[PDB]
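Read the single chain below, which is given as structure tokens and is the form solved without the partner chain.
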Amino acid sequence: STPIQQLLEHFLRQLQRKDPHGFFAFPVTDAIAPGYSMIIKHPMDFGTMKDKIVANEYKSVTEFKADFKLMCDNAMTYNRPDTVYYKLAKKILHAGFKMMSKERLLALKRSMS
């Protein structure tokens, strides 16, 4: 493993801790969600993200954050605001952007010296 894979595994672990039930842990199949595939064209979930970390597909924290955002944006588009899925997506999104803020990453860069 590389140091960047470890850092991303850390962020992913901390995010998934906020989805106890695993709503975001696996892909959304049409069996689970009728016609999902008709609405959401670029699906994403935590499991796909872990596989990309293992394949060493992320060049940057920015790329990881873009997948994370896409996953949350999907959930807030497929699901109405009054759902558990929409509300948790929104909570998750904010937590992730605090965790991986420019300010947090600058302070981490300084500690890499």
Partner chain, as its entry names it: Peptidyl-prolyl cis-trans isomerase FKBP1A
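Numbering follows the first chain given and starts at 1.
Omitted from view is the form solved in complex with the partner chain, to which the following refers.
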ask   = Does the partner chain get within 4.5 angstroms of any non-hydrogen atom of residue 87 in the bound PDB entry?
value = yes
Residue contact check: residue 76 to the partner chain in the bound PDB entry, 4.5 Å heavy atom = yes
message = Against the partner chain in the bound PDB entry, would residue 66 count as a contact residue? Criterion: heavy atoms within 4.5 Å.
response = no
